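Raw target-v1.cif, mmCIF, C-alpha atoms and all ligand atoms:
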```
data_upload
loop_
_atom_site.label_atom_id
_atom_site.label_comp_id
_atom_site.auth_asym_id
_atom_site.auth_seq_id
_atom_site.Cartn_x
_atom_site.Cartn_y
_atom_site.Cartn_z
CA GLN M 509 10.53 -32.18 -5.23
CA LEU M 510 8.49 -34.94 -6.78
CA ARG M 511 5.66 -32.68 -7.96
CA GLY M 512 7.63 -30.22 -10.07
CA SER M 513 7.25 -26.58 -9.13
CA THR M 514 7.28 -25.22 -5.58
CA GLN M 515 4.01 -25.11 -3.66
CA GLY M 516 2.31 -23.69 -0.59
CA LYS M 517 0.50 -25.46 2.25
CA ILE M 518 -0.92 -24.66 5.71
CA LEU M 519 -0.05 -26.13 9.12
CA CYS M 520 -0.88 -25.69 12.78
CA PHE M 521 1.44 -26.56 15.62
CA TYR M 522 -0.05 -26.62 19.08
CA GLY M 523 1.34 -27.28 22.52
CA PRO M 524 2.03 -26.01 26.02
CA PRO M 525 3.66 -22.58 26.07
CA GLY M 526 7.40 -22.32 25.80
CA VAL M 527 7.95 -25.71 24.16
CA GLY M 528 9.66 -24.30 21.05
CA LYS M 529 6.84 -23.84 18.60
CA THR M 530 8.33 -20.53 17.52
CA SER M 531 12.02 -21.31 17.11
CA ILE M 532 11.34 -24.18 14.76
CA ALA M 533 9.69 -21.71 12.42
CA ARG M 534 12.88 -19.75 11.98
CA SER M 535 14.87 -22.96 11.69
CA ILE M 536 12.56 -24.35 8.99
CA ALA M 537 12.81 -21.05 7.18
CA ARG M 538 16.57 -21.39 7.15
CA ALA M 539 16.25 -25.00 6.01
CA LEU M 540 13.94 -24.46 3.06
CA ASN M 541 15.92 -21.30 2.11
CA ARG M 542 12.77 -19.19 1.71
CA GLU M 543 12.54 -15.85 3.54
CA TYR M 544 10.84 -15.52 6.94
CA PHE M 545 8.42 -13.01 8.46
CA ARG M 546 5.87 -13.04 11.27
CA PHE M 547 3.20 -10.94 12.88
CA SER M 548 0.87 -11.22 15.83
CA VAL M 549 -2.85 -11.58 15.40
CA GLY M 550 -3.78 -11.84 19.10
CA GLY M 551 -6.30 -9.33 20.37
CA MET M 552 -6.70 -7.29 17.18
CA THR M 553 -10.20 -6.07 16.28
CA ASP M 554 -10.20 -4.02 13.08
CA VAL M 555 -9.20 -5.69 9.82
CA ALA M 556 -7.07 -2.84 8.45
CA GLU M 557 -3.74 -4.24 9.64
CA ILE M 558 -4.32 -7.36 7.52
CA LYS M 559 -6.18 -5.39 4.86
CA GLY M 560 -4.63 -1.94 4.36
CA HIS M 561 -6.96 0.94 3.53
CA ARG M 562 -8.97 2.53 0.69
CA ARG M 563 -6.18 5.14 0.02
CA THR M 564 -8.58 8.04 -0.43
CA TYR M 565 -7.96 8.56 3.28
CA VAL M 566 -5.16 11.01 3.96
CA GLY M 567 -3.11 8.57 6.11
CA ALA M 568 -3.52 5.18 4.43
CA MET M 569 -0.69 2.71 3.85
CA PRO M 570 -1.02 -0.82 2.44
CA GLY M 571 -1.60 -3.59 4.93
CA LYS M 572 1.35 -5.29 6.57
CA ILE M 573 1.36 -8.33 4.30
CA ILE M 574 2.11 -6.02 1.41
CA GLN M 575 5.00 -4.53 3.38
CA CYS M 576 6.35 -8.02 3.90
CA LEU M 577 6.14 -8.48 0.17
CA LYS M 578 8.02 -5.21 -0.20
CA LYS M 579 10.85 -6.45 2.04
CA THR M 580 10.75 -10.16 1.32
CA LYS M 581 11.59 -9.91 -2.38
CA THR M 582 10.37 -13.47 -2.79
CA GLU M 583 6.76 -13.97 -3.82
CA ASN M 584 6.64 -17.08 -1.57
CA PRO M 585 7.90 -16.18 1.91
CA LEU M 586 7.23 -18.32 4.97
CA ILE M 587 4.66 -16.12 6.68
CA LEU M 588 4.10 -17.19 10.29
CA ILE M 589 0.83 -16.04 11.77
CA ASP M 590 1.04 -16.74 15.48
CA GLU M 591 -1.23 -17.08 18.50
CA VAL M 592 -4.45 -17.35 16.56
CA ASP M 593 -5.97 -19.12 19.58
CA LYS M 594 -6.57 -15.79 21.35
CA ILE M 595 -7.58 -13.87 18.25
CA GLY M 596 -9.35 -10.66 19.16
CA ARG M 597 -13.05 -11.11 18.43
CA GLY M 598 -14.89 -8.84 20.86
CA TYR M 599 -15.67 -6.18 18.27
CA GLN M 600 -18.86 -6.24 16.25
CA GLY M 601 -17.94 -8.04 13.04
CA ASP M 602 -15.27 -10.70 13.24
CA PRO M 603 -11.92 -9.82 11.67
CA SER M 604 -11.44 -13.61 11.70
CA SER M 605 -13.70 -13.89 8.64
CA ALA M 606 -11.21 -11.72 6.74
CA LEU M 607 -8.50 -14.01 8.06
CA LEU M 608 -10.32 -17.00 6.62
CA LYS A 559 10.19 9.24 9.83
CA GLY A 560 9.66 12.92 8.91
CA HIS A 561 8.09 14.67 5.92
CA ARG A 562 9.18 14.77 2.25
CA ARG A 563 10.16 18.52 2.32
CA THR A 564 7.26 19.24 -0.05
CA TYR A 565 4.61 19.86 2.59
CA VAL A 566 4.57 23.05 4.64
CA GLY A 567 6.78 23.08 7.72
CA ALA A 568 8.27 19.71 6.83
CA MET A 569 10.76 19.60 9.66
CA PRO A 570 12.69 16.35 10.10
CA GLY A 571 11.23 13.86 12.54
CA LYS A 572 12.14 13.88 16.23
CA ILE A 573 15.29 11.77 16.11
CA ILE A 574 17.04 14.38 13.99
CA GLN A 575 16.25 17.11 16.51
CA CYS A 576 17.74 14.97 19.23
CA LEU A 577 20.81 14.46 17.09
CA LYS A 578 21.15 18.19 16.60
CA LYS A 579 20.47 19.38 20.13
CA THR A 580 22.76 16.77 21.67
CA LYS A 581 25.55 17.73 19.18
CA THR A 582 27.04 14.22 19.45
CA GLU A 583 26.24 11.00 17.64
CA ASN A 584 25.79 8.75 20.70
CA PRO A 585 22.98 10.10 22.87
CA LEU A 586 21.17 8.00 25.43
CA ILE A 587 17.72 8.41 23.93
CA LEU A 588 15.01 7.33 26.35
CA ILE A 589 11.57 6.45 25.04
CA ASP A 590 8.73 7.08 27.49
CA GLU A 591 5.10 6.01 27.91
CA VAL A 592 5.41 3.16 25.44
CA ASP A 593 2.41 1.29 26.86
CA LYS A 594 -0.35 3.23 25.08
CA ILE A 595 1.14 3.50 21.59
CA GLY A 596 -0.82 2.23 18.61
CA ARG A 597 -4.19 2.33 16.87
CA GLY A 598 -3.46 5.29 14.63
CA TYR A 599 -4.61 5.98 11.10
CA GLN A 600 -1.75 3.69 10.02
CA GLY A 601 -2.63 1.09 12.65
CA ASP A 602 0.59 1.77 14.53
CA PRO A 603 4.12 3.08 13.84
CA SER A 604 5.56 0.33 16.04
CA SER A 605 6.97 -1.60 13.09
CA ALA A 606 9.24 1.31 12.15
CA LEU A 607 10.16 1.78 15.78
CA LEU A 608 11.14 -1.88 15.94
CA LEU K 409 19.63 19.84 -15.83
CA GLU K 410 18.77 17.92 -12.67
CA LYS K 411 15.81 20.23 -12.05
CA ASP K 412 13.42 17.83 -13.86
CA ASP K 413 11.06 16.50 -11.18
CA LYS K 414 8.44 14.92 -13.47
CA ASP K 415 9.93 12.75 -16.18
CA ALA K 416 12.65 11.77 -13.70
CA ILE K 417 9.93 10.14 -11.63
CA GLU K 418 8.56 8.47 -14.75
CA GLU K 419 11.86 6.98 -15.82
CA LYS K 420 12.69 5.85 -12.28
CA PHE K 421 9.49 3.91 -11.73
CA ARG K 422 9.44 2.57 -15.30
CA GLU K 423 12.97 1.27 -14.85
CA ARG K 424 12.20 -0.34 -11.51
CA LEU K 425 9.39 -2.42 -13.01
CA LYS K 426 11.32 -3.98 -15.94
CA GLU K 427 12.83 -6.98 -14.17
CA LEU K 428 9.56 -8.45 -12.92
CA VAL K 429 7.29 -10.67 -15.01
CA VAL K 430 4.41 -8.24 -14.64
CA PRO K 431 0.85 -9.55 -15.23
CA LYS K 432 -0.79 -7.63 -18.04
CA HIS K 433 -3.70 -6.78 -15.72
CA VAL K 434 -1.54 -4.74 -13.39
CA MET K 435 0.55 -3.55 -16.31
CA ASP K 436 -2.43 -1.65 -17.65
CA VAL K 437 -3.16 -0.01 -14.30
CA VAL K 438 0.44 1.06 -13.70
CA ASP K 439 0.67 2.43 -17.23
CA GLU K 440 -2.50 4.47 -16.79
CA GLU K 441 -1.48 5.96 -13.48
CA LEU K 442 1.94 6.72 -14.96
CA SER K 443 0.18 8.65 -17.71
CA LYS K 444 -1.83 10.48 -15.07
CA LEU K 445 1.19 11.20 -12.88
CA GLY K 446 3.18 12.52 -15.82
CA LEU K 447 0.76 15.36 -16.63
CA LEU K 448 -0.07 16.58 -13.11
CA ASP K 449 1.34 19.60 -11.30
CA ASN K 450 4.34 18.66 -9.18
CA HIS K 451 3.06 20.07 -5.86
CA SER K 452 -0.64 19.18 -5.80
CA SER K 453 -1.76 16.58 -3.26
CA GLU K 454 -2.83 14.41 -6.18
CA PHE K 455 0.77 14.22 -7.36
CA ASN K 456 1.99 13.09 -3.95
CA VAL K 457 -0.68 10.40 -3.53
CA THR K 458 0.01 9.17 -7.06
CA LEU P 409 -5.49 18.44 -34.29
CA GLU P 410 -2.64 16.83 -32.37
CA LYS P 411 -2.02 16.33 -28.62
CA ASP P 412 -4.08 15.08 -25.70
CA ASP P 413 -7.30 16.59 -24.39
CA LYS P 414 -9.97 15.88 -21.83
CA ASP P 415 -12.40 14.84 -24.57
CA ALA P 416 -10.27 11.72 -25.04
CA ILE P 417 -11.14 10.72 -21.48
CA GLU P 418 -14.75 11.57 -22.30
CA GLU P 419 -14.43 9.35 -25.36
CA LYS P 420 -12.95 6.15 -23.96
CA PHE P 421 -16.00 5.79 -21.75
CA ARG P 422 -18.37 6.43 -24.64
CA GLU P 423 -16.80 3.75 -26.80
CA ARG P 424 -16.98 1.33 -23.90
CA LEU P 425 -20.69 2.04 -23.81
CA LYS P 426 -21.15 1.80 -27.59
CA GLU P 427 -21.50 -2.00 -27.81
CA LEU P 428 -23.61 -3.20 -24.90
CA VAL P 429 -27.26 -2.14 -25.03
CA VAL P 430 -28.11 -0.06 -21.96
CA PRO P 431 -31.67 0.45 -20.70
CA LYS P 432 -33.10 3.85 -21.59
CA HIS P 433 -33.38 4.64 -17.89
CA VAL P 434 -29.65 4.75 -17.23
CA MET P 435 -28.98 6.16 -20.67
CA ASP P 436 -29.68 9.61 -19.23
CA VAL P 437 -27.76 9.54 -15.91
CA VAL P 438 -24.57 8.77 -17.77
CA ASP P 439 -25.42 11.58 -20.19
CA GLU P 440 -25.68 14.30 -17.57
CA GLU P 441 -22.68 12.97 -15.66
CA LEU P 442 -20.64 13.15 -18.83
CA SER P 443 -21.79 16.67 -19.68
CA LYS P 444 -20.92 17.75 -16.17
CA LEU P 445 -17.53 16.08 -16.35
CA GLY P 446 -16.06 18.36 -18.99
CA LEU P 447 -16.72 21.64 -17.21
CA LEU P 448 -14.79 20.75 -14.05
CA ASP P 449 -11.24 21.85 -13.57
CA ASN P 450 -9.39 18.57 -13.36
CA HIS P 451 -7.52 19.04 -10.10
CA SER P 452 -10.66 19.56 -8.01
CA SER P 453 -11.54 16.54 -5.87
CA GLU P 454 -15.00 16.66 -7.46
CA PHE P 455 -13.40 15.51 -10.67
CA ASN P 456 -12.04 12.47 -8.87
CA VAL P 457 -15.41 11.53 -7.45
CA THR P 458 -17.34 12.06 -10.66
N1 LIG M 701 13.35 -27.66 21.55
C1 LIG M 701 14.02 -26.54 21.87
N2 LIG M 701 15.33 -26.48 21.73
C2 LIG M 701 16.04 -25.39 22.06
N3 LIG M 701 15.50 -24.28 22.55
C3 LIG M 701 14.20 -24.23 22.79
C4 LIG M 701 13.38 -25.36 22.43
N4 LIG M 701 12.15 -25.02 22.73
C5 LIG M 701 12.15 -23.77 23.19
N5 LIG M 701 13.39 -23.29 23.19
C6 LIG M 701 13.76 -21.97 23.66
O1 LIG M 701 12.60 -21.25 24.03
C7 LIG M 701 12.69 -19.90 23.60
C8 LIG M 701 11.34 -19.47 23.06
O2 LIG M 701 10.70 -20.65 22.60
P1 LIG M 701 9.28 -20.53 21.90
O3 LIG M 701 9.03 -19.07 21.65
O4 LIG M 701 9.17 -21.50 20.75
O5 LIG M 701 8.27 -20.86 23.05
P2 LIG M 701 6.79 -20.92 22.52
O6 LIG M 701 6.24 -22.25 22.93
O7 LIG M 701 6.78 -20.44 21.10
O8 LIG M 701 6.08 -19.77 23.35
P3 LIG M 701 4.73 -19.16 22.73
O9 LIG M 701 4.23 -20.26 21.84
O10 LIG M 701 3.86 -18.91 23.92
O11 LIG M 701 5.18 -17.95 21.97
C9 LIG M 701 13.76 -19.85 22.53
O12 LIG M 701 14.75 -18.92 22.95
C10 LIG M 701 14.32 -21.25 22.47
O13 LIG M 701 15.74 -21.29 22.50
MG MG M 702 7.11 -18.68 21.95
#
```
Could you quickly redo this structure as structure tokens?
Ligand SMILES: Nc1ncnc2c1ncn2[C@@H]1O[C@H](COP(=O)(O)OP(=O)(O)OP(=O)(O)O)[C@@H](O)[C@H]1O
Ligand SMILES: [Mg+2]
Amino acid sequence: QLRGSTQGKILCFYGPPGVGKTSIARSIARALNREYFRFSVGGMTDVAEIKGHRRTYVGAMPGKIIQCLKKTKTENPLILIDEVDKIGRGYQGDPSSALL
Amino acid sequence: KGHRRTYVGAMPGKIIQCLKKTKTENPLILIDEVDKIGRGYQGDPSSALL
Amino acid sequence: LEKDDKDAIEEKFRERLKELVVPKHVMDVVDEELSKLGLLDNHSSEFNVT
Amino acid sequence: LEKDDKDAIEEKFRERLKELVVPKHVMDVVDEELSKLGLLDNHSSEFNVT
């Protein structure tokens, strides 16, 4: 409110499982009035889910973040990546670099 | 989700067949073998299923 | 005539974009692919991907 | 004469090339690719790649 126009940020809750890290996300989303959305990252290997496709393939669709833009009409939704701590990284070539 | 009725043989997706064959609007559809869904060309259809 | 299946697509997508404050960068790309979609045969795979 | 043609697509590239000074080496490759580009029927996937 003091610095004019609305702005983004990043955060990282952490604590023992089942303590309510997730519910507060939905509550904060209701409090700030911006739209909510979430998606798991745990155990994924290929980057396409965060990154869509080249669309010369016969079956390509844009990556999930673009779907969330298609549903969440707002250009500043409260995305909630979750359970990064067990991010899938066993494949050759980290998807986590694309995440960064 | 089904096809756009432009492609050959664009029959409606499976839910519509169940709606026709059961001839009533309140079937007890029963998904099976959910465990090994995913990792398609689209990543997975699970979002739409949800 | 409601048979038009070319310029109907053009007007629909052009109308859907008006409300947004479109960046000029994307505006050029969407305009070009509209020009390409508006000349193509209705049933080619290129028309469906576009 | 009026109305659109493929040579207009051939042209907008050429003009983009007209200002910057290309090395003689690549001055050819673009030449043969352009000369090939006109002869294709436009719906062939080869036209997309070229
Ligand atoms: N402080 C709290 N007040 C009320 N309910 C709570 C609280 N913390 C947790 N809960 C209950 O726990 C359930 C799930 O909580 P939550 O998913 O946040 O656990 P978690 O720590 O996120 O688990 P994980 O992080 O492993 O997904 C919710 O239904 C919620 O009602
Ligand atoms: Mg939880």
Give me the least-squares superposed chain P (reference chain K; all C-alpha atoms paired in order) as a short mmCIF file (atom, residue, chain, number, x, y, z; two decimals) with C-alpha atoms, in the frame of the given file.
```
data_model
loop_
_atom_site.label_atom_id
_atom_site.label_comp_id
_atom_site.auth_asym_id
_atom_site.auth_seq_id
_atom_site.Cartn_x
_atom_site.Cartn_y
_atom_site.Cartn_z
CA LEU P 409 20.03 18.43 -20.65
CA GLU P 410 21.02 19.08 -17.04
CA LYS P 411 18.97 19.48 -13.84
CA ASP P 412 16.12 17.59 -12.22
CA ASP P 413 12.67 17.00 -13.68
CA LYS P 414 9.50 15.12 -12.89
CA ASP P 415 10.30 12.53 -15.56
CA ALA P 416 13.08 11.29 -13.28
CA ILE P 417 10.42 10.38 -10.72
CA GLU P 418 8.47 8.79 -13.56
CA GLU P 419 11.62 6.88 -14.47
CA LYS P 420 12.72 5.39 -11.16
CA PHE P 421 9.43 3.53 -10.98
CA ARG P 422 9.76 2.28 -14.55
CA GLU P 423 13.22 0.86 -13.96
CA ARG P 424 11.96 -0.84 -10.82
CA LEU P 425 9.36 -2.49 -13.00
CA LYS P 426 11.81 -3.39 -15.79
CA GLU P 427 13.14 -6.63 -14.26
CA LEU P 428 10.25 -8.52 -12.70
CA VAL P 429 7.71 -9.89 -15.18
CA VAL P 430 4.28 -8.40 -14.47
CA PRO P 431 1.02 -9.99 -15.65
CA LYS P 432 -0.48 -8.26 -18.68
CA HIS P 433 -3.52 -7.38 -16.60
CA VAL P 434 -1.73 -4.98 -14.27
CA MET P 435 0.57 -3.85 -17.05
CA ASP P 436 -2.13 -1.38 -18.08
CA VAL P 437 -3.25 0.09 -14.72
CA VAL P 438 0.29 1.19 -14.02
CA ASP P 439 0.44 2.63 -17.54
CA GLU P 440 -2.55 4.92 -17.16
CA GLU P 441 -1.56 5.89 -13.62
CA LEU P 442 1.85 6.90 -14.90
CA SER P 443 0.45 8.89 -17.82
CA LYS P 444 -1.87 10.67 -15.42
CA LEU P 445 0.95 11.36 -13.00
CA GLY P 446 2.87 13.75 -15.22
CA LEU P 447 0.02 16.15 -15.91
CA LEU P 448 -0.68 16.97 -12.26
CA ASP P 449 0.76 20.02 -10.64
CA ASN P 450 2.95 18.56 -7.94
CA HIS P 451 1.65 20.43 -4.91
CA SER P 452 -1.93 19.19 -5.30
CA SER P 453 -2.87 16.51 -2.76
CA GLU P 454 -3.92 14.35 -5.71
CA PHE P 455 -0.28 14.04 -6.59
CA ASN P 456 0.41 12.65 -3.14
CA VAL P 457 -2.31 10.05 -3.40
CA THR P 458 -1.44 8.94 -6.91
#
```
Could you list, with a cut-off of 12 Å and counting all atoms listed in the file, the residues of chain P near chain K, each shown with its nearest atom pair and the distance in Å rounded to one decimal, rows sorted by chain and ascending number, as JSON lines?
```
{"residue": "P:412", "atom": "CA", "partner": "K:447", "partner_atom": "CA", "distance": 10.3}
{"residue": "P:413", "atom": "CA", "partner": "K:447", "partner_atom": "CA", "distance": 11.3}
{"residue": "P:414", "atom": "CA", "partner": "K:444", "partner_atom": "CA", "distance": 11.9}
{"residue": "P:417", "atom": "CA", "partner": "K:444", "partner_atom": "CA", "distance": 11.3}
{"residue": "P:450", "atom": "CA", "partner": "K:448", "partner_atom": "CA", "distance": 9.5}
{"residue": "P:451", "atom": "CA", "partner": "K:454", "partner_atom": "CA", "distance": 7.7}
{"residue": "P:452", "atom": "CA", "partner": "K:454", "partner_atom": "CA", "distance": 9.5}
{"residue": "P:453", "atom": "CA", "partner": "K:454", "partner_atom": "CA", "distance": 9.0}
{"residue": "P:455", "atom": "CA", "partner": "K:454", "partner_atom": "CA", "distance": 11.5}
{"residue": "P:456", "atom": "CA", "partner": "K:454", "partner_atom": "CA", "distance": 9.8}
```
Hey, which residues come within 9 Å of ligand LIG 701 (chain M) if we count all atoms listed in the file? Could you give them as a VMD selection string? chain M and resid 522 to 533 590 to 591
Distance-based interface of chain M with chain K, 10 Å, counting all atoms listed in the file, as a list in words: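 My answer is residues 563, 564, 566 and 568 of chain M.
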Students should find that atom CA of residue A:599 and atom CA of residue M:567 are spaced 5.8 Å
Distance in Å - atom CA of residue M:595 versus atom CA of residue M:550: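 Computed distance, atom CA of residue M:595 to atom CA of residue M:550, equals 4.4 Å.
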Taking all atoms listed in the file into account, what are the residues of chain M at most 9 Å from chain A, put as JSON, numbers by chain? {"M": [556, 557, 560, 561, 565, 566, 567, 568, 569, 570, 571]}
